[PDB]
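A.B. asks: Chains as they are written, first to last, in my numbering: chain Y, 8 to 131; chain E, 2 to 50; chain A, 23 to 71; chain C, 23 to 71; chain R, 86 to 134; chain G, 443 to 738; chain S, -2 to 96; chain H, 6 to 52; chain Z, 9 to 114; chain F, 9 to 224. Positions of the beta carbon are idealized from the N, C-alpha and C atoms, including for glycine. Encoded as structure tokens, here's the structure I'll be asking about.
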Amino acid sequence: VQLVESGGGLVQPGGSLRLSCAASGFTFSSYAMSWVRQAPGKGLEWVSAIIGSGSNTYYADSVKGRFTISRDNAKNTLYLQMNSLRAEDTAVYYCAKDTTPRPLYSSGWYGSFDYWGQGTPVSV
Amino acid sequence: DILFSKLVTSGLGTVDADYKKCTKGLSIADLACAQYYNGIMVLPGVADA
Amino acid sequence: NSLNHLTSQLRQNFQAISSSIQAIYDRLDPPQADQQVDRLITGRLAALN
Amino acid sequence: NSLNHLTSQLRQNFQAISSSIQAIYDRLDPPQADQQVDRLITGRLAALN
Amino acid sequence: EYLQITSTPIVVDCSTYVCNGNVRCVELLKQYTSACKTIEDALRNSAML
Amino acid sequence: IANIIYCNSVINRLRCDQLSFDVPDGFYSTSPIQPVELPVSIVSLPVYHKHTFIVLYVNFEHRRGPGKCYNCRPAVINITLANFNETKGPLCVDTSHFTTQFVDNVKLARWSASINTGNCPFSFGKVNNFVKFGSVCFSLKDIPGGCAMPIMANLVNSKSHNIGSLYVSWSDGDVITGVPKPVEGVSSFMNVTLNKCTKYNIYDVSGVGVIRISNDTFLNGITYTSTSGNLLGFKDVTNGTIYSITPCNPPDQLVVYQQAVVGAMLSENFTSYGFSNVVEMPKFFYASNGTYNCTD
Amino acid sequence: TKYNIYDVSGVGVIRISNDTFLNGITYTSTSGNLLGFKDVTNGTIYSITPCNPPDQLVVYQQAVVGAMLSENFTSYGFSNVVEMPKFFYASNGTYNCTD
Amino acid sequence: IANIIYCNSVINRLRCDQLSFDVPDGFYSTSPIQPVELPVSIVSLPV
Amino acid sequence: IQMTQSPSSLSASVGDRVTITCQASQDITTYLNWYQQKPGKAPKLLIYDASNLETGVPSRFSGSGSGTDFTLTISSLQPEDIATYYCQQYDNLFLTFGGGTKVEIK
Amino acid sequence: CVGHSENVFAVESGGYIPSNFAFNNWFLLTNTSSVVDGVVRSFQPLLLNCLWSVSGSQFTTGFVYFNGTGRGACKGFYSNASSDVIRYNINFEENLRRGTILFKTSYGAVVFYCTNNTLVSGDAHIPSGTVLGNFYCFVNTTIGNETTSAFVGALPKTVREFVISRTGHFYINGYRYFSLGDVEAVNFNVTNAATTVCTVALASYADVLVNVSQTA
Ligand SMILES: *[C@@H]1O[C@H](CO)[C@@H](O[C@@H]2O[C@H](CO)[C@@H](O[C@@H]3O[C@H](CO[C@H]4O[C@H](CO)[C@@H](O)[C@H](O)[C@@H]4O)[C@@H](O)[C@H](O[C@H]4O[C@H](CO)[C@@H](O)[C@H](O)[C@@H]4O)[C@@H]3O)[C@H](O)[C@H]2NC(C)=O)[C@H](O)[C@H]1NC(C)=O
Ligand SMILES: *[C@@H]1O[C@H](CO)[C@@H](O[C@@H]2O[C@H](CO)[C@@H](O[C@@H]3O[C@H](CO)[C@@H](O)[C@H](O[C@H]4O[C@H](CO)[C@@H](O)[C@H](O)[C@@H]4O)[C@@H]3O)[C@H](O)[C@H]2NC(C)=O)[C@H](O)[C@H]1NC(C)=O
Ligand SMILES: *[C@@H]1O[C@H](CO)[C@@H](O[C@@H]2O[C@H](CO)[C@@H](O[C@@H]3O[C@H](CO)[C@@H](O)[C@H](O)[C@@H]3O)[C@H](O)[C@H]2NC(C)=O)[C@H](O)[C@H]1NC(C)=O
Ligand SMILES: *[C@@H]1O[C@H](CO)[C@@H](O[C@@H]2O[C@H](CO)[C@@H](O[C@@H]3O[C@H](CO)[C@@H](O)[C@H](O)[C@@H]3O)[C@H](O)[C@H]2NC(C)=O)[C@H](O)[C@H]1NC(C)=O
Ligand SMILES: *[C@@H]1O[C@H](CO)[C@@H](O[C@@H]2O[C@H](CO)[C@@H](O)[C@H](O)[C@H]2NC(C)=O)[C@H](O)[C@H]1NC(C)=O
Ligand SMILES: *[C@@H]1O[C@H](CO)[C@@H](O[C@@H]2O[C@H](CO)[C@@H](O)[C@H](O)[C@H]2NC(C)=O)[C@H](O)[C@H]1NC(C)=O
Ligand SMILES: *[C@@H]1O[C@H](CO)[C@@H](O[C@@H]2O[C@H](CO)[C@@H](O)[C@H](O)[C@H]2NC(C)=O)[C@H](O)[C@H]1NC(C)=O
Ligand SMILES: *[C@@H]1O[C@H](CO)[C@@H](O[C@@H]2O[C@H](CO)[C@@H](O)[C@H](O)[C@H]2NC(C)=O)[C@H](O)[C@H]1NC(C)=O
Ligand SMILES: *[C@@H]1O[C@H](CO)[C@@H](O[C@@H]2O[C@H](CO)[C@@H](O)[C@H](O)[C@H]2NC(C)=O)[C@H](O)[C@H]1NC(C)=O
Ligand SMILES: *[C@@H]1O[C@H](CO)[C@@H](O[C@@H]2O[C@H](CO)[C@@H](O)[C@H](O)[C@H]2NC(C)=O)[C@H](O)[C@H]1NC(C)=O
Ligand SMILES: *[C@@H]1O[C@H](CO)[C@@H](O[C@@H]2O[C@H](CO)[C@@H](O)[C@H](O)[C@H]2NC(C)=O)[C@H](O)[C@H]1NC(C)=O
Ligand SMILES: *[C@@H]1O[C@H](CO)[C@@H](O[C@@H]2O[C@H](CO)[C@@H](O)[C@H](O)[C@H]2NC(C)=O)[C@H](O)[C@H]1NC(C)=O
Ligand SMILES: *[C@@H]1O[C@H](CO)[C@@H](O[C@@H]2O[C@H](CO)[C@@H](O)[C@H](O)[C@H]2NC(C)=O)[C@H](O)[C@H]1NC(C)=O
Ligand SMILES: *[C@@H]1O[C@H](CO)[C@@H](O[C@@H]2O[C@H](CO)[C@@H](O)[C@H](O)[C@H]2NC(C)=O)[C@H](O)[C@H]1NC(C)=O
Ligand SMILES: *[C@@H]1O[C@H](CO)[C@@H](O)[C@H](O)[C@H]1NC(C)=O
Ligand SMILES: *[C@@H]1O[C@H](CO)[C@@H](O)[C@H](O)[C@H]1NC(C)=O
Ligand SMILES: *[C@@H]1O[C@H](CO)[C@@H](O)[C@H](O)[C@H]1NC(C)=O
Ligand SMILES: *[C@@H]1O[C@H](CO)[C@@H](O)[C@H](O)[C@H]1NC(C)=O
Ligand SMILES: *[C@@H]1O[C@H](CO)[C@@H](O)[C@H](O)[C@H]1NC(C)=O
Ligand SMILES: *[C@@H]1O[C@H](CO)[C@@H](O)[C@H](O)[C@H]1NC(C)=O
Ligand SMILES: *[C@@H]1O[C@H](CO)[C@@H](O)[C@H](O)[C@H]1NC(C)=O
């Protein structure tokens, strides 16, 4: 199992980015995914999560309405769209994989991330 | 013999099975004996050489 | 030989509930009895072929 | 007669839920749809015989 | 000019081919009263003639 | 193993498909490979629309107390069917459209619910692909004359357990249909792609093919089918334009001589199978690597 | 004997063969029938044959006058058995015949 | 009942199996009856 | 949901019996995860469901608790265990992590 | 008819259509796909109780009942007994873009109309996926004081024939689009009247063998 993130960089306040995370070594469409960030020298904060199908998407209130999560099951790629960034949004963003496989016709719970990516920096 | 051997010999086809070796079988049954076990019998050629 | 074979195939059930077409409509509803009668139709047409 | 009989046999279900292979895979799960499509394969191969 | 005068004769034991010697299967086969007899006479008479 | 051949080249694929190491001289039909990614096209007549959502909730939790056994079978199961009000009988669908949804509401990690086909002619998640019905009713208790769908509780790298079932009844008809889900913005009535191989659902007929615009000014009907039942074309009810349907990969005919492929009969202008020259005959196109100066 | 060899069931006769097949532990045919198996610990390959292969009875003027057999024995009550290029034949024939 | 044949002798078995009281001259395939006292043989991978 | 872990930091000798707690300020029943993040690397899952030991971490670790109180213990603190530990609930899909806790050898 | 009077004929004794009729705008009915070319057998409403002309023959038809009342001066053989189908032969390229069709049932009055302006249909649900400004067709249902408007669907640009069954099956150009339920009478009150309707024929089902070429 392997996760690799990309798309980090430096953008002005109010800018936008196209964070991406490729997945390999497991059936991608069976597991929910979530992005979690770590501010410099701070604890982990959950940002957004998406189930396997993609019908349900959840966002934390600090990011609600500004970001947009998506996934493309055809080529095992998880995306995160950042819009109207602020100063406190700067952090290291990790893409995580849940531990519970679920059928593609189901919508379900999540929250036991067993694998994590290397993380990518985002500065504003 | 040119038309019988130089042309493709039907070793992959309807060889009249030797029933004498199939039942006693000191070796694993060949293609001819295997067909015989399924009730398929190939009789000897009518036009003897 | 062909006539006796042709007439004896009418006893076959073809995995249906019964070989009698009337015995099916007298024991099953119209939508489910049709799928059973269809087995008799296909089986008997094969016998004719 | 032979060509019309061959083209018309594609309308038969052969005890499957439908005569359209695509409609089966849209309606059933992969493991259960194969059991339905296998009926159309055997029925259509018999039509060619 | 080449002309064919013989075809390698093949005969089958109908009971062995369909039941593989299973005793219960042979009992079920007898209900198909004229099924195996028609097949064996067709192959036997043609080979003898 | 004595010798092997890889089914990589065109001649090798023909040898592998023919299950033989040598192929006699002659003509052999073959079919090009189908595109692996197909867009979706949907055509449907607008009708009086009301939408019912059939939702099944599954949740279970272990026996709280001194013995915490994770691998054990769950004991207490909560299974609900939304508006299913017990004594009133099966929850029947009155709306023209309906959608089935599954909510795996368990919180325990590595535990996940599932539903299986059982003895029904359709699956829970697969009804949404435009399946027609004359009537349909769901219930958590056995319906006399219906079918049963097992509900299962699964644990990763462990054996699963049945935790109930869903009972369905139905009849054939054209009044009720299942749809994936309403999404504001998409027209489910005329949204098609042209000249590309696509999977389509056109007026209750499902298939895979290519759609183009055509001459035909046929006045009667909206769908046209062949003797075999395949759909040959359809009419857009608004404009009145008639579109044709063609299979994505019709069969070709390869010519093999001296254990090699020397030519290929094609239905169109292309240098298919690697031949560098193509000509046109009265009934078909021919492609070969020949110089066209021989006599015999 | 009724057998269950490596989860494959059937009825047949098991005997010892002199084959040296290196691959696998179970051998089948084009029909899927079990033809033999290998003992993983002992090294010997054993063959399998049905208990009752088909014979051919010769009938003439409503009587059974001969029988083609697959082994050299006096089956069906005949007294004399002779050798032929591909089968054995048994009958009370005295072979003092020409037609 | 007009007449009966018992399916005991080798010739009678063929007549009974052919469902006919008369059999034309020729070659007829047949199989010996299977024994009913069958022992059991089991071979399995040591696990 | 809020989580608070005590102590914010701790230090113990090799082979000792370090114990770190976490509380949920709300009934979580049993839905708690324990992670470990070594400096400069991605976190790893140690315990799920508050007590189920993961398949790739040694039995030195253990976890227990229910309702509002939870606890993670290291039976014999080895030098490889210097890291930051976090507790994370999943009773609500808007899941939250704790503030962390750092260990130290002496 | 369209004055061509090749479409107006005299019914033969027993209700049979003459063998030399051109069948102009006489569509094959179906609940599914239409045959293009071939020979097909089906139950079709082609046994005419009696048929009459309306283009140039005067006598506005108004309401026509299924049980015989409201018929015009039908030509040739004519009969009583209730018919199960009423056929309206429409002239060249006429369209139901204005005017209405009224129906009478055992439970009240019904009218069929079709437009794009939300004022003419008042409150009616239209699906979230249609095209604004395109013509859509609706239906009023009156129970004496209350009038429930409802959306039924969309119709082609031009109509050549309108067929209504006693059981509410609504065929346009040979295809069934709606099912209004039991209906006792109809009135093709559509504008451009006396010229929009060519012929009206009361008909009943009969078993027939049909030569079809280019879906006609
Ligand atoms: C589109 O799809 C619809 C589905 O609704 C089809 O509708 C069916 O059409 C068929 C046409 O044959 C109808 O079947 C006919 O019913 C008539 C009913 O009238 C008598 O029967 C009932 C019995 O309950 C009595 O109550 C009633 O008073 C009448 O006595 C029968 O007339 C028909 O057959 C009988 O009459 C004929 C007369 O010519 C005789 O020759 C026959 O022997 C027999 O006595 C026939 O049974 C069916 O009822 C319709 N169903 C519905 C639900 O509407 C459309 O036809 C289809 N369109 C196309 C083009 O296929
Ligand atoms: C099923 O329906 C089809 C379609 O209507 C029908 O096919 C038509 O048959 C007619 C008669 O054979 C064909 O018309 C002929 O075509 C050529 C055109 O060059 C002419 O040689 C013929 O002329 C004859 O008829 C003239 C009057 O039209 C006479 O004046 C003249 O002297 C000739 O006798 C003739 O017109 C026609 O082409 C086809 N139509 C199509 C579309 O193919 C078919 O016969 C019907 N079958 C059944 C069994 O009902
Ligand atoms: C078994 O599971 C079902 C499905 O979750 C439980 O039903 C749910 O019960 C809760 C509490 O009553 C409902 O929440 C409340 O719903 C109403 C909606 O009118 C609202 O007034 C409240 O704000 C609150 O959200 C929840 O909606 C309901 N869900 C469904 C689908 O019915 C049920 O209680 C569980 N039963 C047991 C015994 O565990
Ligand atoms: C089918 O029934 C509907 C419902 O009655 C008819 O639609 C329109 O409905 C409104 C409200 O009932 C009618 O009232 C009028 O509305 C307008 C807009 O406020 C206003 O100008 C008038 O003062 C009055 O309140 C309206 O009359 C009616 N529309 C029309 C064009 O008459 C609909 O008309 C019915 N279908 C047909 C073909 O008549
Ligand atoms: C026709 O279908 C296509 C494909 O489903 C629709 O395009 C989708 O539109 C939604 C809404 O913008 C996007 O989220 C999807 O990702 C699009 N799908 C693809 C494959 O790109 C299109 O909206 C449909 N409708 C019309 C009227 O063209
Ligand atoms: C088939 O395709 C070939 C290659 O595209 C066409 O070849 C040339 O096309 C032009 C334009 O039509 C002709 O003027 C040339 O004479 C053709 N050259 C050769 C070497 O073939 C060919 O015309 C196409 N034919 C059809 C019927 O579509
Ligand atoms: C027909 O001629 C073409 C000419 O293009 C041959 O194509 C070459 O095939 C080889 C492999 O055999 C490739 O390495 C070359 O790159 C191809 N192109 C050229 C321009 O040489 C083709 O092999 C021939 N095919 C047959 C079946 O005879
Ligand atoms: C296994 O035994 C069989 C007995 O038939 C051997 O096959 C015979 O081999 C000899 C030479 O050793 C030939 O002359 C015979 O013609 C063969 N028999 C037949 C029926 O043709 C076989 O060689 C033995 N094999 C091994 C590996 O020991
Ligand atoms: C069939 O069985 C008979 C009896 O055992 C065999 O006849 C003997 O063969 C041996 C050699 O194998 C001779 O020494 C004897 O003299 C033979 N006769 C008798 C009466 O014992 C015969 O060879 C066997 N044939 C086959 C093909 O197996
Ligand atoms: C073939 O000949 C044998 C010779 O043994 C016959 O066997 C005798 O069969 C009778 C019953 O028919 C017994 O009573 C005798 O004891 C048997 N042995 C002898 C030595 O006579 C056998 O019947 C003959 N079979 C045929 C079909 O002709
Ligand atoms: C089967 O039994 C029938 C009925 O007895 C036999 O047919 C009769 O045989 C006698 C012989 O004397 C003839 O005279 C009769 O004309 C026949 N028919 C009838 C209707 O009586 C038949 O021969 C028997 N067949 C066998 C093979 O046993
Ligand atoms: C045909 O049906 C109608 C409707 O039932 C019958 O009723 C007459 O309908 C007309 C027009 O609506 C009214 O003017 C009459 O007052 C109605 N009469 C009665 C007695 O209700 C009509 O009589 C029927 N005709 C036939 C010949 O059956
Ligand atoms: C309803 O549909 C009609 C369709 O014709 C629209 O009316 C047309 O409007 C255009 C200008 O946009 C004019 O050029 C045409 O002449 C009009 N048609 C006729 C027949 O005169 C109409 O705008 C649509 N919308 C509404 C709200 O009524
Ligand atoms: C058929 O349509 C015409 C045209 O709209 C209707 O005639 C109008 O009817 C209303 C009825 O209240 C009158 O107020 C108008 O003055 C009429 N004239 C015109 C020129 O529109 C006719 O009544 C309709 N038929 C039915 C049965 O309602
Ligand atoms: C549920 O069923 C009960 C039992 O008959 C009935 O009284 C009640 O009206 C139903 N409705 C609801 C909303 O519970
Ligand atoms: C379309 O137009 C005519 C009339 O149908 C037809 O003969 C012609 O072949 C068609 N056109 C093309 C471009 O193939
Ligand atoms: C229908 O009509 C429009 C407007 O004339 C035209 O541009 C379009 O190509 C036609 N087809 C579809 C599918 O909209
Ligand atoms: C064509 O073939 C002839 C006859 O063999 C030969 O002489 C001639 O040179 C060839 N021409 C070409 C262009 O290959
Ligand atoms: C297998 O070897 C064992 C142990 O020496 C012996 O008992 C047995 O008879 C052998 N069988 C064969 C076929 O070699
Ligand atoms: C054997 O046949 C000959 C003729 O071939 C005959 O004369 C003789 O009687 C027969 N019997 C014996 C025992 O020789
Ligand atoms: C139909 O009934 C009317 C009124 O009784 C009568 O004048 C007419 O002749 C009748 N026609 C037939 C064919 O019965």
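1. Counting only Cβ-Cβ distances shorter than 8 Å, please list the residues of the stretch 20 to 32 of chain H near chain R, keeping chain order.
2. Please classify residue 68/A: is it buried, with 16 or more other beta-carbons within 10 angstroms of its beta-carbon, or exposed?
3. Using a Cβ cut-off of 9 Å, pull out every chain S residue sitting near residue 30/E, in sequence order please.
4. Distance check for residue 41/E and residue 28/E, CA to CA, integer angstroms please.
5. Can a CB atom of chain G be found closer than 8 Å to the CB of residue 24/C?
6. How about residue 108/R: is its C-beta nearer than 8 Å to some C-beta of chain E?
7. Going along chain A, which residues have a C-beta under 7 Å from residue 119/R?
8. Residue 15/S touches chain E at which residues, Cβ-Cβ below 9 Å?
9. Rounded to whole angstroms, how far is the Cβ of residue 41/F from the Cβ of residue 688/G, which I believe are closer than 8 Å?
10. Contact criterion: CB-CB distance below 8 Å. Does residue 101/R meet it with respect to chain H?
11. Give me whichever residues DSSP pairs with residue 55/Y in a beta bridge.
12. Kindly say whether residue 57/C, judged by its beta-carbon, lies nearer than 8 Å to any beta-carbon of chain A.
13. Please classify residue 89/F as buried or exposed, where buried requires at least 16 other C-beta atoms within 10 Å of its C-beta.
14. Around the Cβ of residue 11/Z, are there at least 16 other Cβ atoms within 10 angstroms (buried) or fewer (exposed)?
15. Enumerate in chain order the residues of its own chain whose CB-to-CB distance from residue 635/G is below 8 Å, with the five nearest sequence positions on each side excluded.
16. Quick check on the DSSP output: what are the complete beta strand (DSSP E) runs of length 3 or more inside the stretch 587 to 661 of chain G, in order along the chain?
17. Compare the C-alpha of residue 39/E against each of 84/S, 49/S and 1/S and name the closest.
18. Here's the rule I'm using: 16 or more other beta-carbon atoms within 10 Å means buried, otherwise exposed. How should residue 6/H be labelled?
19. Helix or strand or just coil, what does DSSP make of residue 11/H?
C.D. replies: Checking against the coordinates, here is how it stands:
1. 23, 24, 31 and 32
2. Locating residue 68/A in the third sequence gives position 46, counting from the first residue. By the neighbour-count rule (16 or more Cβ atoms within 10 Å), residue 68/A is not buried but exposed.
3. Along the second sequence, one-based indexing puts residue 30/E at 29. Those within 9 Å of residue 30/E in chain S are 26, 32, 33, 44, 45 and 46.
4. As a first step, residue 28/E is located in the second sequence; it is residue number 27 there, counting from the start. As a first step, residue 41/E is located in the second sequence; it is residue number 40 there, counting from the start. Spanning the two alpha carbons is a distance of roughly 20 Å.
5. As a working note, residue 24/C is residue 2 in the fourth sequence. So no, residue 24/C is outside the interface.
6. As a first step, residue 108/R is located in the fifth sequence; it is residue number 23 there, counting from the start. Not one chain E Cβ lies under 8 Å of residue 108/R.
7. On the fifth sequence, residue 119/R is found 34 positions in, with the first residue counted as 1. In chain order: 26, 27 and 30.
8. Here residue 15/S refers to the residue found at position 18 of the seventh sequence. Within chain E, the residues near residue 15/S are 27 and 28.
9. Walking along the tenth sequence from the start, residue 41/F turns up at place 33. Walking along the sixth sequence from the start, residue 688/G turns up at place 246. Not a contact, Cβ separation roughly 17 Å.
10. Locating residue 101/R in the fifth sequence gives position 16, counting from the first residue. True, the Cβ-Cβ gap to chain H drops below 8 Å.
11. Residue mapping note: residue 55/Y aligns to position 48 of the first sequence, counting from 1. Beta-bridge pairing links residue 55/Y to 42/Y and 66/Y.
12. The residue given as residue 57/C occupies position 35 in the fourth sequence. Output row for residue 57/C: interface = no.
13. Here residue 89/F is taken as the residue at index 81 of the tenth sequence, counted from 1. Counting Cβ neighbours within 10 Å, residue 89/F comes out exposed, since fewer than 16 surround it.
14. Taking the first residue of the ninth sequence as position 1, residue 11/Z is located at position 3. By the neighbour-count rule (16 or more Cβ atoms within 10 Å), residue 11/Z is buried.
15. What you label residue 635/G is simply residue 193 of the sixth sequence in a count that begins at 1. 481, 483 and 653, listed in sequence order.
16. 589 to 597, 603 to 620, 640 to 644 and 647 to 655
17. Residue numbering aside, residue 39/E sits at position 38 when the second sequence is read from its first letter. The shortest Cα separation from residue 39/E among 84/S, 49/S and 1/S belongs to 49/S.
18. Taking the first residue of the eighth sequence as position 1, residue 6/H is located at position 1. By the neighbour-count rule (16 or more Cβ atoms within 10 Å), residue 6/H is not buried but exposed.
19. What you label residue 11/H is simply residue 6 of the eighth sequence in a count that begins at 1. The answer is coil: DSSP assigns residue 11/H none of H, G, I, E or B.
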